[PDB]
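Visitor: Below you'll find the structure I mean.
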Amino acid sequence: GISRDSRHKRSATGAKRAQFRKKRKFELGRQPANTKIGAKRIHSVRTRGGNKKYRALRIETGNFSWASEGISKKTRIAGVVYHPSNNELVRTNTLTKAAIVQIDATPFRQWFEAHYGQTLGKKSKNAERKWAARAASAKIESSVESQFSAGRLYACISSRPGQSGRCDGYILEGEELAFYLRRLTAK
Amino acid sequence: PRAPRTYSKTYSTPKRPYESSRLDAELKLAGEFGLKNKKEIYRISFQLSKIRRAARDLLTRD
Amino acid sequence: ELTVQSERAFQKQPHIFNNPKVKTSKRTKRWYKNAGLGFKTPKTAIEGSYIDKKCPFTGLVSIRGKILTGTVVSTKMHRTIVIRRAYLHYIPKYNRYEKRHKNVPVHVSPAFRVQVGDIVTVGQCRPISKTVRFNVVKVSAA
Amino acid sequence: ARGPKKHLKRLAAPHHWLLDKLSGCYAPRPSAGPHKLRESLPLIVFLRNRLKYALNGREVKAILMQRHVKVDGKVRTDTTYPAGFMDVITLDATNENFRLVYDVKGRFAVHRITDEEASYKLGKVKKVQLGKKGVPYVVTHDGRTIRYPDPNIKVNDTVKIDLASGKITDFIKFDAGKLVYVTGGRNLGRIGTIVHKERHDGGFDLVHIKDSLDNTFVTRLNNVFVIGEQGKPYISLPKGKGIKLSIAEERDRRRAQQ
RNA sequence: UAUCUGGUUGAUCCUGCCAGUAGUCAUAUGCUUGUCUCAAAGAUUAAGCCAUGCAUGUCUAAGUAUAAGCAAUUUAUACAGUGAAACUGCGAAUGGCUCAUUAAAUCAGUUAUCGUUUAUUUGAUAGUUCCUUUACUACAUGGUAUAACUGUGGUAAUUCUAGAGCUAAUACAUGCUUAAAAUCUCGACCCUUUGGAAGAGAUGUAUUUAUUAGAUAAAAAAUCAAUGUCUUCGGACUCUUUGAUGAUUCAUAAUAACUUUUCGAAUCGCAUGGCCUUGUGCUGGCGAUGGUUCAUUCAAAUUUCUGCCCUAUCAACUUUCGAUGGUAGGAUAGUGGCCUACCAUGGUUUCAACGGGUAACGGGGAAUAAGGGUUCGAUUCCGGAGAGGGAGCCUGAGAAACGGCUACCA
RNA sequence: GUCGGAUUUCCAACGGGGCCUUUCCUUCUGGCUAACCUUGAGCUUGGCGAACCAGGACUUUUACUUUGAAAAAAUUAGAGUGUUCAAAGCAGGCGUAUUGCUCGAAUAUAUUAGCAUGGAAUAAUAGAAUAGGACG
RNA sequence: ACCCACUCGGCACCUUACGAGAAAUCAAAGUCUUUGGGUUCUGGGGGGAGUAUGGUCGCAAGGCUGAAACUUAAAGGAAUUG
RNA sequence: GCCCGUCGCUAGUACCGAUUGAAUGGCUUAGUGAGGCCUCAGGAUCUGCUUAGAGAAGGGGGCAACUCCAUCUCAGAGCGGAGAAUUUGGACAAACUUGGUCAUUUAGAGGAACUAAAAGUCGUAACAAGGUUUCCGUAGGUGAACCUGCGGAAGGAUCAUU
RNA sequence: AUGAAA
């Protein structure tokens, strides 16, 4: 199996270490996950000490956070559009950490309507008081407003699905939002 | 596995073998004190040598 | 050191959510930590726009264990240097010494700007790389 | 070697059990417990090579299984259980109570005592933490884990416990001028009344300590064990009371007590 | 016990070697050998090959027994005594043998895990599991085999197994049953507009992500976006609370969700005790087993500083296709070129790198000595490696297992 | 001044701690306020922070050397012990031998390297000179 | 240009022997068992052998580095008397 | 007296050497590449649910056709669970073939040395001024020690010509 | 010019 030690590498001076041991189980590795989209399949693998490890594959839906509001909703995943590590992962549409993908934006949309009562894109006493109190905060910025107009919203995967069985992430906002749309539009 | 039994002799042969004075002295000792073995004589000399090294390296100190 | 976001990824401090909605004084936030053992977090590290998560002060790489002092001899690498530990190994038989050196490499933050000859002390942190384990905390030359 | 050790030879077993280098090439391995491997006295070597209440390990296991024996107010029917420091053992037969404490010669002593002095013990806190559900708690030097204690109890303190429950009778803080006991090093068994300490921030807090013959020394803060206040010990103490006289003075002592 | 002696000369003084002498847990051999005690013993060459026979199996009062096994319950109609075989649960990864590999590698002293796993023990620790949550559902408790066994048997042989008929569980797959408060949402309704609102769903534990708190060198002033506590609506404004660490995005708490759904006892032995609303009603002990988390303990894996024999008839080594670093990701139980994508060209060297040799495992130590030292250390103890050479992997907490499998080579 | 043990003023030496002689030998907040100028009649009410401590702070570098913590046993040296002596081993010894009593199983060594440590000779070691120099 | 006296650096000399060495001898070949001012290069009985091999330089002759197997009890230094 | 070399006999040790020499072990380019493991499919087989219409028994009801539900039966339909053989792609990579390279030994016609060995032949080079003073380096010559040329030294046979 | 071995 894939080793994880440095007894198989060269030393720092430029010296091939000798063959000293046989490979172990506490220096092993295993194959990548190559997690894809659609028809969720999760094989599990036994680890050191029981301690299960949900090897994600083919994951259709995942969790996504909006951090200024602290909320976290479930959504599908259109596909990855940018990955700093590899354009190969970009092409083959493989989810990993730090990965820039697009999501529906519709549960956030309808939740936004129910929570502030303020339109996007383009009655009862209690709900009216609620929206009137939460007003002066439906003024987020232009790029997210455009993305809610489009119905395809930029998120970053920040989980480790090959270690967790979870594509979890967060909507982009402000600074890194501008940075990543700059990287996409860079031509 | 059994912790090994210490063994150590209780005699020591002469450095220089054939000195007629030494040989006659230890023969004198064996034939007057009723001994069989220069081994035994060396043994007694070894005890004396042990205590003499101890005495020296103790009385060296203040 | 022209651009903090030089790399394709977005380098930042994890979990330090600078909220874009509120516009309060000091528009962007920065985590840090006192390393301990009587060291100082420099004002350049406080005011810095850089990230360098492998730094002991602003980053997340705890110093613990041995501490050493040496003079720098290489600077030609990216956020990494090599020092020289000139010392004298004793030989009992001849009852006298001999010069020896061990060129340990260490990691260096952007909080210090170091040219060759700058004497430096470090701290044992976790394995930064195949070659590196230590990280610098004070410099003692010009 | 591919897993936990299970056997233990003699000459890797510690010194202070005083196990003989003859009589079979294997030693009793302390099964896991509230104390370490080396600073622990198994009940097998206890009954078989301190009291001679039995002669063979079969007999000692017979005793432990028929339950004439009980530690900390519980039977503890294992032949190789760790009887560690400060600990209590109770024998219905003879109505005796032995205590496992140290002696100044660096050995596990045999402290004959009564039932209430068994019913309480002492335990140094090893650390303090906050458990789940916002429950502050502490943990001692004998694997005992205790909940909702006093905030005055901080690290290096000692607690005195009921032994019918895990609750507290009282506690003793760490500060300058308290009676102590040493556990680790050449000073094994000393009793030496803290005079001051020193930090060396980064590891190895050290403490300056002296016994009542004016004789001073320095010890590590994880090797010490505080037993109370000056004068009165909170328990009864073994022969010597931690003095470590010279070899010649002890020679004269026994030759006067021939 | 800081010792010398014989030998080049016709003789003498020297350098200089030879030989002598003493020792060795240093072996072999010869010749001889009466006794007591203690005891090394196929290491050196061949880690060369092995016939045969043993070396790990295992149960209590207490996981499963209709043995068509054996005594007898007669205190027991279901057994309730003992008990092969078999299912189950543990262990077989310790021990034992050798020293082949290996020259910054093992190892020795000395550090760290604020960078991780940890069965077993030991101390604490699961009022919150009815999911159109009102009939959707037994909780004095639910379903399915399958072994053993019965018999049919098939191969020359195998700890070979098929076919058919049963039956068990701490085996599998499932599964409800106990408080009180406290905030969010809705939100009936009054409608008030200072705005008041009945009633309903959530909250245990665990995983994953995001956020906040997790603290505190020193004292006063000007207002309000809208008074916020209660009002003399002149404003008195106090009250405030957070542990440890050398030091943390620590321990820990709370918001918002995720889970194909983790754990929250359908287990077992003794003794049988009390309340009467006189019901197999309600309550009750001493235990064993298992179980989520935390801590402990036996460990484990990486890791800081220093140290190794001979070689320059080895002076440059490493980097194609990882060598040195950085960023991101995968993998890991975890850091980290451990591996991949992109980028910078580095890293080691006469203070002997790199390559070669070694009748080289390292050490605690052994022989031997005034001092300095030299030689040896396979070998009882500590840590490593291996099971004929290599590679791979299941079960498991723990193996790259070999008295376990798979292939190739001999 | 005990009948060869131990004491005082001890003259002197021997090494140690402190003050001054141009000799700051880091000081700001503090509580101890300390040594308290604080004194009540001869034992009273109020001095300058390290002598205890948390910190802000400059802490220019080593080599050296002292002391300490720590270095698994066995081995080595070495205490006691009649295994019949001895090699050994860690046992044994004493009773009214019926209840039993009881000292032991010491101590030493532990290289280099690592941690703390008092010192400041020795050996190097940078300092403020077309003063970006310190107290301010 | 000579003479006298002094001086520093040289090539050396005559005599002693406090000192050294095995001795011849030596102003260092002294200040070394009363063993240490700093550093470099070389030797470890005689031969085999400055051979064989491997690099390296040279047109060549040859040079620099440079062993082993094997053999032997002496070879060698300085002096004394013949 | 002592001694040198060639030549001759006996025995040994090592070197050069045709043989694209031979072996042993390690590293390894290239090619083939088992075997498991991971992932894309595969689907025998077994098995739970939902209906699903009828050949027609049984009883309950117009008691006569007819009607209600269970029933031995079989398609047919989906809703699923487990699921071996086989299989794509990947990484780990044994083993074999071919080269290269590094070390450790080894065969060999013959050639040229060295050493040892009681009495072999040819001369007499050296030690005295050794009978041409010896030796050092270099070159040529010749059976052999050796001679000669050019320079150098005293270890010379001279420490010496006012 | 040479002069056998102990």
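Naming works like this for the structure tokens: A, B, ... for the chains as they're shown, residue 1 at the start of each chain, ligands 1 onward in shown order.
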Can you tell me, as an NGL selection string, what residues are no more than 10 Å from segment 124-132 of chain C when counting only C-alpha atoms (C1' of nucleotides), ignoring any on the same chain fewer than 6 positions away?

Guide: (:A and (6 or 11-12)) or (:C and (54 or 56 or 61-68 or 80-82 or 104-107)) or (:E and (111-115 or 302-304 or 324-325 or 335-338 or 347))

Visitor: Please check the contacts: residues of chain B at most 9 Å away from chain E, using only C-alpha atoms (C1' of nucleotides), listed as a PyMOL selection string.

Guide: chain B and resi 1-5+7+13-17+49+53

Visitor: Quick one: pull the distance between atom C1' of residue 70 of chain G and atom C1' of residue 45 of chain G, Å, one decimal.

Guide: 16.8 Å

Visitor: Could you give me, as number ranges by chain, each residue of segment 37-236 of chain D that DSSP assigns to strand (DSSP E) when run on this structure's backbone?

Guide: D: 41-42, 69-71, 82-83, 88-91, 96-99, 111-113, 123-130, 136-140, 145-147, 158-161, 168-172, 179-182, 196-198, 206-210, 216-220, 224-228

Visitor: Report as a ChimeraX atom specification all protein, DNA and RNA residues lying within 12 Å of residue 47 of chain B, evaluated on only C-alpha atoms (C1' of nucleotides), omitting residues in the same chain fewer than 4 positions from it.

Guide: /B:9-12,40-43,51-54

Visitor: Save out the residues we just selected, N, CA, C and O atoms, as a PDB file, in the first residue's frame.

Guide:
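Done, and the output landed in out-v4.pdb:
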```pdb
ATOM      1  N   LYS B   9      36.429 -15.666  40.790  1.00  0.00           N
ATOM      2  CA  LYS B   9      37.385 -16.539  41.456  1.00  0.00           C
ATOM      3  C   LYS B   9      37.720 -15.997  42.848  1.00  0.00           C
ATOM      4  O   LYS B   9      37.276 -14.920  43.258  1.00  0.00           O
ATOM      5  N   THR B  10      38.567 -16.719  43.573  1.00  0.00           N
ATOM      6  CA  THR B  10      39.052 -16.189  44.840  1.00  0.00           C
ATOM      7  C   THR B  10      40.562 -16.380  44.927  1.00  0.00           C
ATOM      8  O   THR B  10      41.116 -16.601  46.002  1.00  0.00           O
ATOM      9  N   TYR B  11      41.242 -16.304  43.787  1.00  0.00           N
ATOM     10  CA  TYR B  11      42.694 -16.398  43.753  1.00  0.00           C
ATOM     11  C   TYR B  11      43.188 -15.751  42.472  1.00  0.00           C
ATOM     12  O   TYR B  11      42.409 -15.396  41.585  1.00  0.00           O
ATOM     13  N   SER B  12      44.508 -15.616  42.385  1.00  0.00           N
ATOM     14  CA  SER B  12      45.143 -14.988  41.237  1.00  0.00           C
ATOM     15  C   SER B  12      46.564 -15.515  41.150  1.00  0.00           C
ATOM     16  O   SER B  12      47.280 -15.521  42.154  1.00  0.00           O
ATOM     17  N   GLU B  40      45.516 -22.436  47.022  1.00  0.00           N
ATOM     18  CA  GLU B  40      45.104 -21.950  48.342  1.00  0.00           C
ATOM     19  C   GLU B  40      46.004 -20.808  48.804  1.00  0.00           C
ATOM     20  O   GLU B  40      45.532 -19.840  49.422  1.00  0.00           O
ATOM     21  N   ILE B  41      47.315 -20.946  48.572  1.00  0.00           N
ATOM     22  CA  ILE B  41      48.264 -19.920  49.014  1.00  0.00           C
ATOM     23  C   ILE B  41      47.985 -18.608  48.281  1.00  0.00           C
ATOM     24  O   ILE B  41      47.940 -17.530  48.892  1.00  0.00           O
ATOM     25  N   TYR B  42      47.818 -18.692  46.952  1.00  0.00           N
ATOM     26  CA  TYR B  42      47.448 -17.550  46.114  1.00  0.00           C
ATOM     27  C   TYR B  42      46.132 -16.955  46.588  1.00  0.00           C
ATOM     28  O   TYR B  42      45.924 -15.747  46.480  1.00  0.00           O
ATOM     29  N   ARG B  43      45.202 -17.810  47.029  1.00  0.00           N
ATOM     30  CA  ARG B  43      43.896 -17.363  47.504  1.00  0.00           C
ATOM     31  C   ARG B  43      44.061 -16.464  48.721  1.00  0.00           C
ATOM     32  O   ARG B  43      43.445 -15.390  48.818  1.00  0.00           O
ATOM     33  N   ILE B  51      42.451  -6.525  50.686  1.00  0.00           N
ATOM     34  CA  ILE B  51      42.435  -5.642  51.849  1.00  0.00           C
ATOM     35  C   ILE B  51      43.553  -4.613  51.752  1.00  0.00           C
ATOM     36  O   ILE B  51      43.415  -3.505  52.270  1.00  0.00           O
ATOM     37  N   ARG B  52      44.680  -4.954  51.104  1.00  0.00           N
ATOM     38  CA  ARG B  52      45.768  -3.989  51.022  1.00  0.00           C
ATOM     39  C   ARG B  52      45.437  -2.862  50.061  1.00  0.00           C
ATOM     40  O   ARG B  52      45.728  -1.696  50.355  1.00  0.00           O
ATOM     41  N   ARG B  53      44.789  -3.183  48.932  1.00  0.00           N
ATOM     42  CA  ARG B  53      44.329  -2.125  48.042  1.00  0.00           C
ATOM     43  C   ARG B  53      43.270  -1.256  48.711  1.00  0.00           C
ATOM     44  O   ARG B  53      43.278  -0.027  48.550  1.00  0.00           O
ATOM     45  N   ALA B  54      42.320  -1.886  49.417  1.00  0.00           N
ATOM     46  CA  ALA B  54      41.329  -1.135  50.190  1.00  0.00           C
ATOM     47  C   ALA B  54      41.975  -0.225  51.234  1.00  0.00           C
ATOM     48  O   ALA B  54      41.612   0.949  51.347  1.00  0.00           O
TER      49      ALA B  54
END
```

Visitor: Write down, as a short mmCIF file (atom, residue, chain, number, x, y, z; two decimals) with N, CA, C and O atoms, in the first residue's frame, each residue of chain D that has any atom within 10 Å of an atom of chain F, counting only C-alpha atoms (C1' of nucleotides).

Guide:
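Okay, this is what ended up in result_21.cif:
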```cif
data_model
loop_
_atom_site.label_atom_id
_atom_site.label_comp_id
_atom_site.auth_asym_id
_atom_site.auth_seq_id
_atom_site.Cartn_x
_atom_site.Cartn_y
_atom_site.Cartn_z
N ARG D 10 11.48 -10.13 35.42
CA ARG D 10 12.29 -9.55 36.47
C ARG D 10 13.43 -8.81 35.79
O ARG D 10 13.80 -9.10 34.65
N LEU D 11 13.96 -7.82 36.51
CA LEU D 11 15.05 -6.90 36.21
C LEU D 11 14.56 -5.81 35.25
O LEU D 11 15.27 -4.83 35.05
N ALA D 12 13.36 -5.94 34.68
CA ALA D 12 12.60 -4.81 34.18
C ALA D 12 11.51 -4.41 35.15
O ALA D 12 11.04 -3.27 35.09
N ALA D 13 11.07 -5.34 36.00
CA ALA D 13 10.25 -4.95 37.14
C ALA D 13 11.09 -4.04 38.04
O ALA D 13 12.31 -4.17 38.08
N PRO D 14 10.47 -3.10 38.77
CA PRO D 14 11.25 -2.08 39.50
C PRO D 14 12.08 -2.66 40.65
O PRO D 14 12.00 -3.84 41.00
N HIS D 15 12.88 -1.78 41.25
CA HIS D 15 13.77 -2.16 42.34
C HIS D 15 13.02 -2.35 43.65
O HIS D 15 13.24 -3.33 44.36
N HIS D 16 12.14 -1.40 43.99
CA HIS D 16 11.58 -1.29 45.33
C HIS D 16 10.60 -2.40 45.69
O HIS D 16 10.23 -2.51 46.86
N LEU D 18 11.61 -5.36 45.65
CA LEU D 18 12.59 -6.26 46.29
C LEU D 18 12.41 -7.71 45.87
O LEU D 18 12.59 -8.63 46.67
N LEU D 19 12.03 -7.91 44.62
CA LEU D 19 11.89 -9.26 44.08
C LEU D 19 13.26 -9.87 43.84
O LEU D 19 14.19 -9.19 43.37
N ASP D 20 13.39 -11.15 44.15
CA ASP D 20 14.68 -11.82 44.17
C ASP D 20 15.07 -12.30 42.77
O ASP D 20 14.22 -12.70 41.98
N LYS D 21 16.37 -12.20 42.45
CA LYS D 21 16.80 -12.54 41.10
C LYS D 21 16.82 -14.04 40.82
O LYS D 21 17.08 -14.43 39.68
N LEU D 22 16.55 -14.89 41.81
CA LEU D 22 16.32 -16.31 41.58
C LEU D 22 14.82 -16.54 41.66
O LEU D 22 14.04 -15.58 41.57
N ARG D 38 5.55 1.23 37.14
CA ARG D 38 6.74 1.13 37.96
C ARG D 38 6.52 1.60 39.39
O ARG D 38 6.94 0.92 40.34
N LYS D 105 13.85 4.60 52.93
CA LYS D 105 14.79 3.80 52.15
C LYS D 105 14.35 3.60 50.69
O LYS D 105 15.04 2.88 49.97
N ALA D 176 3.61 28.21 50.36
CA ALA D 176 4.84 28.14 51.15
C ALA D 176 4.53 27.78 52.60
O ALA D 176 3.64 28.37 53.22
N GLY D 184 9.51 10.24 43.96
CA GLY D 184 10.34 10.24 42.78
C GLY D 184 11.76 10.69 43.07
O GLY D 184 11.97 11.77 43.63
N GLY D 185 12.73 9.86 42.70
CA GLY D 185 14.13 10.22 42.79
C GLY D 185 14.83 9.62 43.99
O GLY D 185 14.34 8.69 44.64
N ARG D 186 16.01 10.17 44.28
CA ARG D 186 16.76 9.80 45.49
C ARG D 186 16.05 10.16 46.78
O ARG D 186 16.33 9.56 47.82
N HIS D 196 10.59 27.39 49.96
CA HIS D 196 10.25 28.24 48.81
C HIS D 196 10.29 27.41 47.53
O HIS D 196 10.44 26.19 47.57
N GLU D 198 10.55 27.85 42.81
CA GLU D 198 11.12 28.57 41.68
C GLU D 198 10.49 28.04 40.41
O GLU D 198 10.18 26.85 40.29
N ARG D 199 10.34 28.94 39.44
CA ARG D 199 9.42 28.69 38.33
C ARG D 199 10.14 28.04 37.16
O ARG D 199 9.89 26.86 36.87
N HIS D 200 11.09 28.75 36.55
CA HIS D 200 11.73 28.36 35.29
C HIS D 200 10.66 28.05 34.25
O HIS D 200 10.47 26.91 33.82
N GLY D 203 8.81 24.72 31.72
CA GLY D 203 8.88 23.33 32.14
C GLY D 203 9.67 23.21 33.43
O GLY D 203 10.56 24.01 33.71
N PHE D 204 9.33 22.16 34.21
CA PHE D 204 10.08 21.73 35.40
C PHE D 204 10.14 22.84 36.46
O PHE D 204 11.19 23.42 36.75
N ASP D 205 8.96 23.13 36.99
CA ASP D 205 8.80 23.86 38.25
C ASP D 205 9.53 23.15 39.38
O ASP D 205 9.29 21.97 39.63
N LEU D 206 10.44 23.86 40.05
CA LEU D 206 11.25 23.25 41.10
C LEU D 206 10.87 23.85 42.45
O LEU D 206 10.37 24.97 42.54
N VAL D 207 11.13 23.10 43.53
CA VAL D 207 10.73 23.47 44.89
C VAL D 207 11.86 23.17 45.88
O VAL D 207 12.44 22.08 45.87
N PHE D 217 17.11 20.35 50.43
CA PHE D 217 17.24 19.79 49.08
C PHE D 217 16.18 20.45 48.20
O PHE D 217 15.41 21.31 48.64
N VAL D 218 16.15 20.02 46.94
CA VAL D 218 15.31 20.60 45.89
C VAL D 218 14.69 19.42 45.14
O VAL D 218 15.34 18.38 44.97
N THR D 219 13.44 19.57 44.70
CA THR D 219 12.71 18.44 44.13
C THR D 219 11.79 19.02 43.05
O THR D 219 11.56 20.23 43.00
N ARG D 220 11.29 18.15 42.18
CA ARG D 220 10.34 18.53 41.15
C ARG D 220 8.91 18.54 41.66
O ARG D 220 8.49 17.70 42.47
N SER D 246 22.68 9.04 57.98
CA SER D 246 23.80 8.42 57.31
C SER D 246 23.80 6.91 57.54
O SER D 246 23.15 6.39 58.46
N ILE D 247 24.53 6.22 56.67
CA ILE D 247 24.80 4.79 56.79
C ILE D 247 25.41 4.45 58.15
O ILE D 247 25.03 3.46 58.79
N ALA D 248 26.33 5.29 58.64
CA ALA D 248 26.98 5.00 59.91
C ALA D 248 26.03 5.25 61.08
O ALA D 248 26.06 4.51 62.07
N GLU D 250 22.78 4.87 60.96
CA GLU D 250 21.84 3.75 60.99
C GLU D 250 22.50 2.49 61.51
O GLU D 250 21.84 1.66 62.17
N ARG D 251 23.79 2.30 61.19
CA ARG D 251 24.58 1.23 61.79
C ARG D 251 24.57 1.31 63.31
O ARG D 251 24.32 0.32 64.00
N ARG D 253 22.38 2.98 65.16
CA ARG D 253 21.00 2.77 65.58
C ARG D 253 20.69 1.29 65.78
O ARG D 253 20.20 0.89 66.84
N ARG D 254 20.94 0.46 64.75
CA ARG D 254 20.63 -0.96 64.90
C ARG D 254 21.55 -1.64 65.92
O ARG D 254 21.11 -2.50 66.69
N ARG D 255 22.83 -1.24 65.98
CA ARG D 255 23.71 -1.85 66.98
C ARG D 255 23.34 -1.46 68.41
O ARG D 255 23.70 -2.18 69.34
N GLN D 257 20.00 -0.96 69.09
CA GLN D 257 18.82 -1.83 69.10
C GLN D 257 19.15 -3.22 68.55
O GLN D 257 18.53 -3.68 67.58
N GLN D 258 20.19 -3.87 69.07
CA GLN D 258 20.53 -5.24 68.64
C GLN D 258 19.41 -6.24 68.92
O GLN D 258 18.59 -6.04 69.82
#
```

Visitor: Taking only C-alpha atoms (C1' of nucleotides) into account, name the residue in E:401, E:298, E:385, E:251 that is nearest to residue 134 of chain D.

Guide: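 When distances to residue 134 of chain D are compared using only C-alpha atoms (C1' of nucleotides), the smallest one comes from E:251.
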
Visitor: Near residue 131 of chain A, within 9 Å and counting only C-alpha atoms (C1' of nucleotides), which residues show up once chain neighbours fewer than 3 positions away are dropped, as a compact mmCIF listing (two decimals) with C-alpha atoms, in the first residue's frame?

Guide:
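Dumped everything to selection.txt:
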```txt
# COMPACT_ATOMS: atom_id res chain seq x y z
CA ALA A 114 -40.17 35.18 4.96
CA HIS A 115 -37.63 36.89 7.24
CA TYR A 116 -37.41 40.48 5.87
CA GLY A 117 -40.22 40.73 3.32
CA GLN A 118 -37.93 42.33 0.74
CA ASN A 126 -46.79 39.84 13.86
CA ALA A 127 -44.95 39.18 10.59
CA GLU A 128 -45.28 42.86 9.65
CA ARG A 134 -35.41 43.49 10.98
CA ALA A 135 -35.35 46.21 8.28
```

Visitor: Could you list, as a count of residues only, the residues of chain E having an atom within 10 Å of chain D when counting only C-alpha atoms (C1' of nucleotides)?

Guide: 34

Visitor: Skip residue 118 of chain H itself and residues of its chain fewer than 2 positions away, then list as an NGL selection string all residues within 12 Å of it, counting only C-alpha atoms (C1' of nucleotides).

Guide: :I and (4-6)

Visitor: One number please: atom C1' of residue 105 of chain E to atom CA of residue 17 of chain A, in Å, one decimal.

Guide: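 These two atoms are separated by 7.5 Å.
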
Visitor: Within 12 Å of segment 90-97 of chain C, counting only C-alpha atoms (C1' of nucleotides), which residues qualify if same-chain residues fewer than 5 places away don't, as a VMD selection string?

Guide: (chain E and resid 306 to 307 351 372 to 374) or (chain F and resid 63 111 to 113)
